[PDB]
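Peer 1: Would you mind keeping the following structure in view while I ask a few things?
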Amino acid sequence: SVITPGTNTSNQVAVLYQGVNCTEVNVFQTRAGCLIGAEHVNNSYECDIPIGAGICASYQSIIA
Amino acid sequence: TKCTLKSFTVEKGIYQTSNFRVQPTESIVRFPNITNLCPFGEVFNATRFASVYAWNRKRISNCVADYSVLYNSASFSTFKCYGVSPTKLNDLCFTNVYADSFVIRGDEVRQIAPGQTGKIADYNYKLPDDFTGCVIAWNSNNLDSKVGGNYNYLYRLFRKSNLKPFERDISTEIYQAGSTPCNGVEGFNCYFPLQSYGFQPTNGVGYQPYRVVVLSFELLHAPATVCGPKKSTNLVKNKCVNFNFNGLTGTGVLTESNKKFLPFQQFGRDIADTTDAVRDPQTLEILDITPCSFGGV
Amino acid sequence: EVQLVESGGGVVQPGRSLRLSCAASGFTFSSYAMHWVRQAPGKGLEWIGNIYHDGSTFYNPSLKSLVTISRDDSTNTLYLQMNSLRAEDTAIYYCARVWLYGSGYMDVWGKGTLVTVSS
Amino acid sequence: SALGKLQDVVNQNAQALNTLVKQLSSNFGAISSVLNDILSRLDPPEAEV
Amino acid sequence: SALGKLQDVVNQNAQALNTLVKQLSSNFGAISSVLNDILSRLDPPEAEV
Amino acid sequence: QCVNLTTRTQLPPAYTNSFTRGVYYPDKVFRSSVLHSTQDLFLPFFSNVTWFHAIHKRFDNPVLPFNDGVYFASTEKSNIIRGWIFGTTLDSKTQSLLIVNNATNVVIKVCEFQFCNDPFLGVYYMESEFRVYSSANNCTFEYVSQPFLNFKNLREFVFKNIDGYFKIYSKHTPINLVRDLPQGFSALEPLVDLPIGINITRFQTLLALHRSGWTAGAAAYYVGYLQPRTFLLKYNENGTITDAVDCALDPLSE
Ligand SMILES: *[C@@H]1O[C@H](CO)[C@@H](O[C@@H]2O[C@H](CO)[C@@H](O)[C@H](O)[C@H]2NC(C)=O)[C@H](O)[C@H]1NC(C)=O
Ligand SMILES: *[C@@H]1O[C@H](CO)[C@@H](O)[C@H](O)[C@H]1NC(C)=O
Ligand SMILES: *[C@@H]1O[C@H](CO)[C@@H](O)[C@H](O)[C@H]1NC(C)=O
Ligand SMILES: *[C@@H]1O[C@H](CO)[C@@H](O)[C@H](O)[C@H]1NC(C)=O
Ligand SMILES: *[C@@H]1O[C@H](CO)[C@@H](O)[C@H](O)[C@H]1NC(C)=O
Ligand SMILES: *[C@@H]1O[C@H](CO)[C@@H](O)[C@H](O)[C@H]1NC(C)=O
Ligand SMILES: *[C@@H]1O[C@H](CO)[C@@H](O)[C@H](O)[C@H]1NC(C)=O
Ligand SMILES: *[C@@H]1O[C@H](CO)[C@@H](O)[C@H](O)[C@H]1NC(C)=O
């Protein structure tokens, strides 16, 4: 799955490999799968792009 | 409405009964004006054919092909066409026609077909699974057999792998036998790939020489060059007609267009892939094709 | 018994012609097809030509018009005419024999003849 | 994106129509996806198939 | 049987997934339900069918 | 007649970026205001395209593979590049393809040429020098046509060989950039389809010497290789491909 903002905004993308461990494929391990290209932050915001298992992505670079 | 609702009493309301569609008034056939006969006499009536391992390929293009003298000739014992009916061969315009000529024995004529196995299909001449064209074969015992034995015709006996479709192997290479190399005489003596057919006229049917010509086509992907004898009709504007442009059949109204076609470009296709515009032969003009009026009654 | 013997080899000038002979003894020369094969030092075997009882001669597509295979059946012999000799034709030549009614097994072989070309 | 609920319905209906139109281009294992080509190329015993 | 409504949904979803898995073991009139067996036992003209 | 060129300067070939060049029309069908997905032998976007020079002393006529297809770009002024050689062994054993564009016409011949080690044309300061092959014995196909042709001219060509057909696609672009490939998009129209029916694995660029030894005119060319991939092409209201997307380049374009 490709997580992106609008192409009017930016061309940066993140890749989610669903149900795939990160050792079998900015690399973060979620319960949904392995997310590559998103910087995991400790802050909590509203959900902009849903990833799953409580993980959401947003553009501010792409953060998860 | 009574027939549609299956009742003799119809209640008040609106009922969808059928679909009105205007029918075409006349058929227009447009073919290239060119009138050059195709040299089938140089293919079928040739004095010499090459062997099946080195089969002869002739490209036939830019001519009018009269197929009706082929099927109605009683000389051909086998006339089997795959992907096209032989009667309809006059009505279609082809491109990239290939004539493949060779000589094989009698019971191997069944091996000139898609999906067959044998020595000829694997190592000599392979037809693809998606083959469109015609296989024509006739007995030639009184030309290709000599009383001492004719040896001008060869077939490859063994290859390391099966051939690709329409692949020619004229390469004659010494090959090994197994567990001893071909390092001279010293090992197991080295087998030769090409064996000659034993053609004598006293041989029974099944061993006798049969001449095979395989015609292979491509179905309307480029500006076509090989077309049947059909006479080109005049063009009519703004009327529902059932047209035939170089083998492309259909129904619609032909109108003037404002689509700036590039010189290579001939026709146009919609999302459904049905043709929406066409370039007519002989006059090179671009005619838009709009489907005839239809709707619900 | 079955035997193939060859003759005609030697050390010859390049461009001079050669006539290599393959005499057969012990078997009837009909119903068998005869091959000419050569091999260079440091190189593998290279097939030259085939000839049958009809007189149909088949050559290697790699080399053209250099050789000419000529069968003769009155004295059970086979001749090769080689014309316009190049420097790379230094080779050991072999005469081979196949049965027309089976697989292409070449059965017995000639012992071979040596052709050396130099200036 | 205020009116996304109506636009979603419009997009779904248009996309369903586009897919239904696109499905005519598929031959489903036949020699061609065009009926006129089959009717002009083959005899009725195999054109029927 | 207090929570039967949620259990019915869970059972229906699991049973549908199990049925979809078990449909792979059916040949549907072919010689075998395994594609590898068909590709290894038959030539491509009949293996295609 | 053959002539060895022994005044070359040793230099490795360069590499540069393809950007979004090498797109050609995949078929002869008119399409307008549509987005069409096609799977064909295309040049990948932002690929590593090999750069060869002709400058004085550089004269780049190496032996290059053909592979599945060749994109040939030319930043040309004063008409040095004249044609191409295609084949497998480039001798009389196999059959080879000759494309030349001399001062009069464009000639395509399929013959068994015994090619020279350094095939070339020549301009005297008039064209009076032609050393490409030493013999031509068995010729099957001949085709004489119209002339196809700071760096001022950009020539893009796409050479493909499928089913015995050699497809040449061409585009001519007026540019004013000095050294590298301009960054932009230009769809290559099909130029010619040749029924040559021969095996091609190797190709050669033909250049022209300048004589007043020899002098090489200022020219530069680029060789890229086609791969089977999918593009999403955009057709405008005039039927011209104005933009393209490489489906396997990055996840955004995917
Ligand atoms: C130009 O140079 C090439 C490469 O050095 C020459 O090709 C060689 O020529 C010699 C002499 O006949 C042969 O023995 C070699 O086998 C050739 N090499 C190859 C790879 O074929 C070429 O002959 C030179 N041109 C001229 C006119 O002499
Ligand atoms: C071959 O010759 C026969 C002899 O009359 C003729 O009837 C036939 O039409 C010829 N075939 C072709 C293809 O010319
Ligand atoms: C015949 O068709 C060609 C196109 O193939 C065209 O150029 C030519 O003008 C036509 N001739 C006539 C008399 O219509
Ligand atoms: C192109 O290839 C060369 C060597 O093959 C390599 O050094 C260079 O980094 C490559 N360039 C790109 C952009 O990949
Ligand atoms: C083309 O030539 C190459 C090498 O010259 C060879 O490996 C390949 O098999 C040839 N292909 C055909 C179809 O002849
Ligand atoms: C161009 O090449 C053709 C083909 O051989 C030849 O007939 C013609 O004379 C050449 N013209 C010049 C100016 O060399
Ligand atoms: C090719 O040319 C050579 C020499 O000119 C000739 O011996 C050979 O027969 C030719 N090949 C064919 C198929 O005509
Ligand atoms: C299409 O062609 C017209 C001229 O007929 C031109 O005005 C228009 O700008 C063209 N479209 C584009 C996108 O350039």
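Following Swiss-Prot, chain A residues are numbered 596-620, 641-675, 691-694, in order.
Quick check of the header: electron microscopy, 2.6 Å.
Just so it is clear, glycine is given a Cβ too, placed from its N, Cα and C backbone atoms.
In case it's useful when we look at the structure, here is the feature table from Swiss-Prot:
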CARBOHYD  A:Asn603  N-linked glycosylation site
CARBOHYD  A:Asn616  N-linked glycosylation site
DISULFID  A:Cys617-A:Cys649  disulfide bond
CARBOHYD  A:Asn657  N-linked glycosylation site
DISULFID  A:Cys662-A:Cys671  disulfide bond
Peer 1: Give the residue from the disulfide-bonded residues A:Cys617, A:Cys649, A:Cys662, A:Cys671 that has the most other Cβ atoms within 10 Å of its Cβ, counting over every protein chain displayed.
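Peer 2: The residue with the densest Cβ neighbourhood is A:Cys649.
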Peer 1: Where the distance is taken from Cα to Cα, which of the recorded positions A:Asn603, A:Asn657, A:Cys662, A:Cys671 turns out closest to A:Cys617 (disulfide bond)?
Peer 2: A:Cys671
Peer 1: How far is it from A:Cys671 (disulfide bond) to A:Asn603 (N-linked glycosylation site), counting Cα to Cα, in Å?
Peer 2: 21
Peer 1: Hey, how far is A:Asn616 (N-linked glycosylation site) from A:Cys649 (disulfide bond), Cα to Cα, in Å?
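Peer 2: Cα of A:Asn616 (N-linked glycosylation site) to Cα of A:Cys649 (disulfide bond) measures 6 Å after rounding.
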Peer 1: Here are the glycosylation sites: A:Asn603, A:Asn616. Which has the lowest count of other Cβ atoms within 10 Å?
Peer 2: A:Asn603
Peer 1: State the Cα to Cα distance, in Å, between A:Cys662 (disulfide bond) and A:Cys649 (disulfide bond), rounded to an integer.
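Peer 2: For A:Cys662 (disulfide bond) versus A:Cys649 (disulfide bond), the Cα atoms are 19 Å apart.
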Peer 1: Around A:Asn657 (N-linked glycosylation site), how many other C-beta atoms are within 10 angstroms of its C-beta?
Peer 2: 4
Peer 1: Measuring Cα to Cα, how far is A:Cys649 (disulfide bond) from A:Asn657 (N-linked glycosylation site) in Å?
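Peer 2: Computed Cα spacing between A:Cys649 (disulfide bond) and A:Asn657 (N-linked glycosylation site) is 18 Å.
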Peer 1: Would you kindly give the Cα-Cα distance separating A:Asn603 (N-linked glycosylation site) and A:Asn657 (N-linked glycosylation site), rounded to the nearest Å?
Peer 2: 28
Peer 1: Give the three-state DSSP assignment (helix, strand or coil) for A:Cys671 (disulfide bond).
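Peer 2: DSSP call for A:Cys671 (disulfide bond): strand.
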